[PDB]
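I have placed the structure first, in the form of structure tokens, so that the comments after it can refer back to it.
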Amino acid sequence: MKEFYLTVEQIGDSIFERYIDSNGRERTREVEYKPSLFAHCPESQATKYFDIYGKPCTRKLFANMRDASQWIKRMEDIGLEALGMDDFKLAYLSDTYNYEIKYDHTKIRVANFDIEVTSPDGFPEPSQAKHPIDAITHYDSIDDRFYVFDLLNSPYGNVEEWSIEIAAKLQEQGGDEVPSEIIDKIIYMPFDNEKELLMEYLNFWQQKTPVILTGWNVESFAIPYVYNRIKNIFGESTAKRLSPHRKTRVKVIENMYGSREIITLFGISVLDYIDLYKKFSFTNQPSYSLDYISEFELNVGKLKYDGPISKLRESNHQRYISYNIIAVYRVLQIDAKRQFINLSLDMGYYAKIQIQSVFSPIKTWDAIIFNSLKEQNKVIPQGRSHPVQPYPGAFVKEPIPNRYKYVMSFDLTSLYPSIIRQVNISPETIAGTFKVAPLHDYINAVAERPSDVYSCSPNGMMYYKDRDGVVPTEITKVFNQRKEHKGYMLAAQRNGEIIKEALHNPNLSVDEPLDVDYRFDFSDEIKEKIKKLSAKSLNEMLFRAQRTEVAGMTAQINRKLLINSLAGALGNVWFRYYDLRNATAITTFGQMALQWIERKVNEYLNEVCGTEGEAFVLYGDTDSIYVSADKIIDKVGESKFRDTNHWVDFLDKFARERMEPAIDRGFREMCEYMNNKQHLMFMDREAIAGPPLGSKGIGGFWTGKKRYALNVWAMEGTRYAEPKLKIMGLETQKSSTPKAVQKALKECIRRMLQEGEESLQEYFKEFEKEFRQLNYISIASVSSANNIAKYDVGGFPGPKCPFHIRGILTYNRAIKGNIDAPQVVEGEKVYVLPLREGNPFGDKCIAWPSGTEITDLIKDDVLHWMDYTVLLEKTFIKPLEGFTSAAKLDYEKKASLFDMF
DNA sequence: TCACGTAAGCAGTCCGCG
DNA sequence: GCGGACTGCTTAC
Ligand SMILES: Nc1nc2c(ncn2[C@H]2C[C@H](O)[C@@H](COP(=O)(O)NP(=O)(O)OP(=O)(O)O)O2)c(=O)[nH]1
Ligand SMILES: Nc1nc2c(ncn2[C@H]2C[C@H](O)[C@@H](COP(=O)(O)NP(=O)(O)OP(=O)(O)O)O2)c(=O)[nH]1
Ligand SMILES: [Ca+2]
Ligand code: NA
């Protein structure tokens, strides 16, 4: 097989590399690496090296990396550019692996672990590590085994061995119900004291040293805790055995609020799953506890138990160990579903970077571009420093707040990347500038044509049409790779709806799920075979189709994130190819494109509908336009449609055969106006929305920019069994909105969209009289808690104290002195409740850590003093008032005339 | 919340002007 | 009592 690296590090004058060799074996090598950098030379100093602008360079090969670094300093002091890849790690990888890396994951050691530290005095700070680590579960992906290290004797109590037999028994038999699929993969190791356990773990670590090290919160808790514990017991030098090259570094990670401290183990790639999840999941969660995320992703969660965790090992060592095993397992199940480790490996190997650099799109693109130019012997420019500066972004149309009955949407394919390719935008393709007319003049085609020679953007930039730019070239590759995965996602999605349709009245036979690939549309052979299946098999296939879809989703959307991030990187001062001219050339073109086609779409539909000056385009945002289809439906007549599927078919054909060709002529003309290099504004039908035929639903509404709801029957090529609510921006979509209120407002919107005013009024009346009986966590708001200390004065709110911070201070006063009350953590999230006047907490709200029950100390008080009236007014009634006033509905029967003033 | 971007909405506090 | 300026937080694209 071809070799590929596992990890790379620079330690002084050498590169340390762990890799997989031609035979498939893991090896390690230290290289006295000799890097090269470049300097501009006279046009006569020949050679084959040129900068991206075509100016010649001479190569300078250094004895070692210290020399090359010192040379960079002296050039800065002279005032000349030092060109070439200054991150020597990346130049090494690029030299050693001068080919496309096909990596084999089964040879990569992915370690997944979690620890437990019993602590009587509150949260065990890993800086101090002053409590014995009493359990470790370490999953190895090569061996496919969970290694469990279990401390029998501790100053906090001595316990019996964990029973694998009881662990396997059901909950209803007194057991822990550790899953059947992993019960045989557990290797259990009790130890009579903590020193023996840690010393065995360290040796185990040497035999099976992780390449990728993951888990939940491992970077901020588990790793710094194991490191410091071992350091406190055995010394700094034994602790460094956690690194294959015996070098560590205490990294201080700073943000806009404070500083935290992680441990860098050289020669290991740490991918904390909570970081992978925050970056790649596209969710904003009210809590990031493993149990909460696990329940959201898997519908199950962490093992349950009685009393505080601090007392679990004494009272139930059995459940305590089982719980630790399951926690590790839950992370593995989340990864089987979302596939972020796999994603990380693909991007890392494609870009040729350290795997943990996938958190940095700028690092990723710098390496792809560098590898790309090196193939043609071209030399990358030096990083330069730049003041941060704002620049303009996308266009968003002010919609007239209203109900909108029938709507069709259209959207452009990967807008910013497509613009980069169409216009040919790149650091090396800039050809000059032209004198700019105001933007509306380009939108209306009345301004002078910018160029007959260069490709233009309406911000005044001109680009060469004839030469290739590394940005368009490299963005095209990643965009093309995305296509396949996106196609898998949509196929699974279309197959989802086939399963769902057969679920309405399923056969009741005794059968099994069909063996198919969900990545490709279902053949007619199996569509027929699906109609015979039972509810058990069908729901099972629904699970597999949905899993295939999520995996497809993760693959496609994160490649889109990566290509979108190139457009943004051109606007970030740390990018090597930072240039506000380029970044603005993309966004300005984008805002001309959308408004251009709004004009063309209005022109076309006025012609076809026989009208003058109607606004058919009711809204647009960045890459999308929404078209009112009322008059189109009125041309045929609602009484002439048989059912909902009929008018949806009608609008579908009309968009496909009438509008898209007109829109395509629209964009071709724009392409010629700007004299671009390649036409790539490809805008097609997205959503078809409206009320069900014969109902009183209003179909859809807008309240303002980025705030709207639609009852959708079709999205791209997916036709839906039952209509789907597409809600954007409204409180139902916001993590800060209380769970039960999201559910209630969603059901209010569905009744508005699909059933009408009267149905909305029945539901509202009912929710109003019943909601006081909802669980307090489900009606609590959520907020991130930043700058708690900034507004903290004597443990009381200082000036301008935001409401949710006031809540945290009230909490702190209530749990003061109680060392075992859960503390609010700066930066994390809090539930927030309003309190009635005269309450014992001394303020108008209380907050506590999200994803948790409020401590039993103060729970009964909070429940007695929660302010339902204020809560109902702020989180339910006020937003509902916005929807219904926009949609021109009433959530309460009005006695007379719908008056005002 | 650890070197992709801008646009823009809502909650809540405080102040200047009635 | 109301509107604007502002911080803080959240989403859309
Ligand atoms: N092209 C290029 N190379 C770079 C850059 N930064 C660092 N390097 C490094 C990468 C390379 O290590 C080195 C020169 O790249 P080769 O021409 O591909 N190697 P050669 O043909 O000289 O091999 P032999 O010894 O057989 O003649 O400069 C850069 O910006 N561009
Ligand atoms: N810099 C940057 N620009 C972005 C980002 N997201 C959008 N834009 C700008 C640049 C993009 O080209 C443009 C369109 O966004 P789509 O890529 O189509 N993400 P959507 O979820 O809306 O599409 P789909 O229908 O696939 O879910 O908005 C981002 O994360 N970063
Ligand atoms: Ca889009
Ligand atoms: Na929007």
Side-chain angles (χ1 to χ4, degrees), chain A residues 219-220 252-253 255 257-260 262 264 270 272 274-275 278-279 282-284 286 288 356-357 359-366 383 385-386 388-398 411-412 414-416 560-578 580 582-584 586-588 590-591 594 619-624 703-708 727-737 781-787 790-791 797-799 801-807 825-830 832 844-845 874-875 878-879 882:
Chain A
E219 193 207 62
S220 59
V252 170
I253 298 290
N255 57 15
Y257 306 125
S259 75
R260 58 183 189 102
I262 72 189
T264 299
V270 174
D272 197 327
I274 190 174
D275 296 327
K278 289 182 171 163
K279 185 67 162 140
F282 287 80
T283 70
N284 191 3
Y288 288 91
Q356 72 268 25
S357 290
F359 293 106
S360 177
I362 281 174
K363 175 62 83 170
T364 305
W365 280 113
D366 196 54
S385 70
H386 299 278
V388 180
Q389 301 200 283
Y391 65 94
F395 172 68
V396 189
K397 180 178 170 71
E398 190 77 61
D411 79 328
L412 286 147
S414 304
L415 184 58
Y416 290 7
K560 180 178 244 179
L561 175 53
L562 184 71
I563 66 181
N564 290 348
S565 293
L566 184 51
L570 291 158
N572 176 284
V573 303
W574 303 109
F575 202 27
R576 185 185 309 265
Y577 312 97
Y578 172 79
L580 284 184
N582 285 347
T584 301
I586 300 173
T587 62
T588 315
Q591 73 182 18
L594 200 70
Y619 178 75
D621 181 353
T622 313
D623 70 350
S624 243
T703 82
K705 296 184 183 174
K706 308 194 193 275
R707 291 179 64 86
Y708 58 99
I727 307 174
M728 309 310 304
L730 307 185
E731 282 70 1
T732 64
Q733 312 310 114
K734 302 211 222 166
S735 51
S736 50
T737 287
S781 302
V782 175
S783 186
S784 296
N786 307 304
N787 312 298
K790 167 161 137 65
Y791 300 96
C801 184
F803 188 79
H804 62 285
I805 302 300
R806 175 180 302 272
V825 164
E826 164 75 23
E828 283 183 28
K829 302 213 184 176
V830 291
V832 183
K844 43 167 196 157
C845 53
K874 290 201 299 202
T875 65
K878 196 161 181 282

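Protein chains get the first letters and strands the later ones, always in sequence-line order, with residue 1 at the start of each.
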Is there a side chain to side chain contact (heavy atoms under 4.5 Å, CB included) between A:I262 and A:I253? Walk through the geometry before answering. CA-CA 7 Å; A:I262 72 189; A:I253 298 290; 3.9 Å; yes

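- Taking all atoms of both residues into account, the shortest heavy-atom contact from A:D272 to A:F359 is O-CZ, 4.5 Å.
- A cation-pi geometry, defined here as NZ or CZ lying under 6.0 Å from the six-membered ring centre and within 45° of its normal, does not hold between A:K560 and A:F282.
- Both stacking criteria are satisfied for A:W574 over the base of B:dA3: a centre-to-centre distance under 5.5 angstrom and an angle between ring planes under 30 degrees.
- For A:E398 and A:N564, each mapped to the nucleotide of DNA chain B holding its nearest heavy atom, the one lying further toward the 5' end belongs to A:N564.
- Residue A:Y708 is classed as a sugar-phosphate contact, given heavy-atom separations below 4.0 Å to backbone atoms only.
- A donor-acceptor contact under 3.5 Å links the side chain of A:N786 to the base of B:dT1.
- Between the P atoms of B:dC2 and C:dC9, the separation comes to 15 Å (whole Å).
- Across all strands, A:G827 comes closer than 4.0 Å to base atoms (heavy-atom distances).
- The same atom, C1', is picked in C:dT7 and in B:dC4; the two are 25 Å apart, to the nearest Å.
- Mapped onto DNA chain B by nearest heavy atom, A:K278 and A:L561 fall at different nucleotides, with A:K278 at the one closer to the 5' end.
- In this structure A:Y391 satisfies the side-chain contact (heavy atoms from CB on, under 4.5 Å) test together with A:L580, A:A583, A:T584, A:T587, sequence neighbours excluded.
- Electrostatic pairing of A:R260 and A:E219 counts as a salt bridge here, judged by a charged N lying under 4.0 Å from a carboxylate O.
- Nucleic acid contact for A:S360: sugar-phosphate only, since backbone atoms but no base atoms lie under 4.0 Å from a heavy atom of the residue.
- Taking only distance into account, the side chain of A:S784 meets the base of B:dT1 through a donor-acceptor pair shorter than 3.5 Å.
- At the heavy-atom level, A:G568 lies under 4.0 Å from base atoms of the strands shown.
- In this model, the phosphate group of B:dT13 is approached by a side-chain N or O of A:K844 to a distance below 4.0 Å at OP1 or OP2.
- In B:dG12, the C1'-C2'-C3'-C4' torsion is negative, which places the sugar in the south family.
- Residues A:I805 and A:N786 share a closest heavy-atom pair of CD1-O, 3.6 Å.
- Fit an axis to the five pairs at each end of the helix from B:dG5-C:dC13 to B:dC17-C:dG1 and the two axes sit 20° apart, to the nearest 10 degrees.
- When each of A:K734, A:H804, A:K829 is checked for a side-chain contact (heavy atoms from CB on, under 4.5 Å) with A:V782, only A:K829 meets the rule.
- Donor-acceptor pairing under 3.5 Å, judged by distance alone, is present between the side chain of A:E219 and the base of B:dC2.
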